[PDB]
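No hydrogens, no waters, no symmetry mates; every other heavy atom, side chains included, goes into these values. So you know, we letter chains A, B, ... as the sequences are listed, proteins then strands, and number each from 1.
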There are 2 protein chains.
Amino acid sequence: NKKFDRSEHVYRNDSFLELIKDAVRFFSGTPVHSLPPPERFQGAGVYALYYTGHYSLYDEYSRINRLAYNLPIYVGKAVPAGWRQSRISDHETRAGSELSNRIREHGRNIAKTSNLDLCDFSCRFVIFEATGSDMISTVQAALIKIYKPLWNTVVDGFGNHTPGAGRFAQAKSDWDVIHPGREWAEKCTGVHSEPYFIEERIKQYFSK
Amino acid sequence: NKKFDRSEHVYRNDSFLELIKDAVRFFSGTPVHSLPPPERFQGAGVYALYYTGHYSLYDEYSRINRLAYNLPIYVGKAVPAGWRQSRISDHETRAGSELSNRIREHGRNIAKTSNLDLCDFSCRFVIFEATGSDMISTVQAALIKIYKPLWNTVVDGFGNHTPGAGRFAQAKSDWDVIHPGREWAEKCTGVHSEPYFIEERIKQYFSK
């Protein structure tokens, strides 16, 4: 006899959406640092990378980001391996220095390229700590959706590591073709994209 | 030269904690239904099971839950297999009928036991839909922390499925010893806990 009405069981997303936007605004007001920042620190969380230099493909950023760090070229997260399943949802006291280490690592990948200068990059980051560490993937995904950062949405590959012995069959990523060279990328020998079409995709990113 | 201060990068968890508690209060006010509810429905989300009968181990619930459905015996979540990694963070349009199906399934596991009557069980559930589906694991974990439901924290096993061919080496779960019998549990033939010590753990649950 009891009446069933699905909509009476549906959680309304409005406050959660307001909270995510507040988290983005908190993110935006945090200190911009050099890439990598001047000190190591503990914590997991979310980071953005900004470009303000004049490498020709990217030199529009020197205008977009002339007056404020507005537009990231890249957004990522760093969490301890304990929160990635193998197998668990979240297992341990505290999670060490993933964010700092992941940022420093981007800094060395960039220092390895010839056509990019580390001095043209800055970074913002937010540490999410206890229960708030549940927000990390949501804030990373909201920034990617708001900003559509070039190295997340158009030119893939920046965040990848060595593929793993005998999986050097696939091609190198669009990021490695226009930014040689990490040693490991020289190995791929699939047919990678052509610089030209990567460049046309970049130019497209910037006209809309 | 630029000053580094970690605490300037730390997200404050207070609003997020308020939001989780609001989500729990929303959960608590939703309609209580029979187990399983009178209709199937679409959605992923979070559910709780309540007991109000007189099976002797559990008959304290008939008092705790005499006037209101206050204390769950079990809390779980149901999400599509697409959000569990294999491999992706979240991949597809909408996620079908995991919650309804997971609840119905608990209902049949219970109907298979001799000493439990389906008529002494009720359930509440909340569907989290688009961006709110990010809250599912957080709300499930908050309910487990607030209520410490017996079949989550003391008597393990209710939510398990058949182990998988030649992994019938481990013992049956505490739930299967005091609630025979799902066919598959008869197979384990490790040394399972003794009913007595399970019962003493239950009795302990209820004196504190």
Side-chain angles (χ1 to χ4, degrees), chain A residues 1-20 22-23 26-27 29-34 37-43 45-47 77 84 99-100 122 124-142 145, chain B residues 1-20 22-23 26-27 29-34 37-43 45-47 77 84 99-100 122 124-142 145:
Chain A
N1 288 81
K2 187 176 175 161
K3 180 218 65 155
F4 177 79
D5 183 359
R6 185 177 173 277
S7 69
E8 212 52 1
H9 299 264
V10 179
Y11 172 80
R12 305 298 160 188
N13 293 326
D14 310 71
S15 303
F16 180 53
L17 296 173
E18 289 305 293
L19 167 97
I20 293 167
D22 293 344
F26 172 77
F27 184 90
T30 56
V32 174
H33 270 111
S34 63
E39 290 180 24
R40 304 199 165 162
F41 55 92
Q42 291 176 259
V46 179
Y47 64 91
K77 68 166 175 250
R84 201 72 57 205
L99 186 54
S100 188
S122 302
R124 275 192 180 95
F125 58 81
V126 168
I127 295 164
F128 297 80
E129 289 196 305
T131 297
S133 69
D134 295 357
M135 285 289 285
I136 287 168
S137 73
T138 303
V139 178
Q140 174 215 16
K145 177 170 194 305
Chain B
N1 288 81
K2 187 176 175 161
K3 180 218 65 155
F4 177 79
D5 183 359
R6 185 177 173 277
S7 69
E8 212 52 1
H9 299 264
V10 179
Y11 172 80
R12 305 298 160 188
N13 293 326
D14 310 71
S15 303
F16 180 53
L17 296 173
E18 289 305 293
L19 167 97
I20 293 167
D22 293 344
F26 172 77
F27 184 90
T30 56
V32 174
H33 270 111
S34 63
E39 290 180 24
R40 304 199 165 162
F41 55 92
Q42 291 176 259
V46 179
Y47 64 91
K77 68 166 175 250
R84 201 72 57 205
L99 186 54
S100 188
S122 302
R124 275 192 180 95
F125 58 81
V126 168
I127 295 164
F128 297 80
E129 289 196 305
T131 297
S133 69
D134 295 357
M135 285 289 285
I136 287 168
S137 73
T138 303
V139 178
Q140 174 215 16
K145 177 170 194 305

Correct closest heavy-atom pair for B:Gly132 and A:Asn13 would be CA-OD1, 3.0 Å
Minimum heavy-atom separation for A:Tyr11 to B:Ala23, with atom names? CE1-CB, 3.9 Å
Winner by heavy-atom pair count (cut-off under 4.5 Å) against chain B, out of A:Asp22, A:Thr30, A:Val139, A:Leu19: A:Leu19
Does any part of the side chain of B:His33, heavy atoms only, come nearer than 4.5 Å to the side chain of B:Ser122, both counted from C-beta? no
For the OG atom of B:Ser7 and the CD1 atom of A:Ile127, what is their distance to the nearest 0.5 Å? 9.5 Å
Can you tell me which of B:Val10, B:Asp5, B:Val46, B:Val126 forms the most heavy-atom pairs within a distance under 4.5 Å of chain A? B:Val10
Measure B:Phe4 against the heavy atoms of chain A and call it side chain, backbone, both or neither at under 4.5 Å. both
With side chains defined as the heavy atoms from C-beta onward, is the minimum distance between A:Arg124 and A:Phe27 less than 4.5 Å? yes
Greatest number of non-hydrogen atom pairs under 4.5 angstrom with chain B, of A:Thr138, A:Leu17, A:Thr131, falls to A:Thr131
Report which part of B:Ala141 has an atom under 4.5 Å of a heavy atom belonging to chain A: side chain, backbone, both, or neither. neither
Give, as side chain, backbone, both or neither, the part of A:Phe26 having an atom under 4.5 angstrom from any heavy atom of chain B. side chain
N-O pairing of A:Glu18 and A:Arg12 below 4.0 Å: no
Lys/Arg N to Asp/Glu carboxylate O, B:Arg6 vs A:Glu129, below 4.0 Å: yes
Heavy-atom proximity to chain A below 4.5 Å, by part of B:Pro31: both
Go through the atoms of A:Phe125 and report whether side chain, backbone, both or neither lie under 4.5 Å from a heavy atom of chain B. both
Please classify the contact of B:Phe16 with chain A as side chain, backbone, both or neither, using a heavy-atom distance under 4.5 Å. both
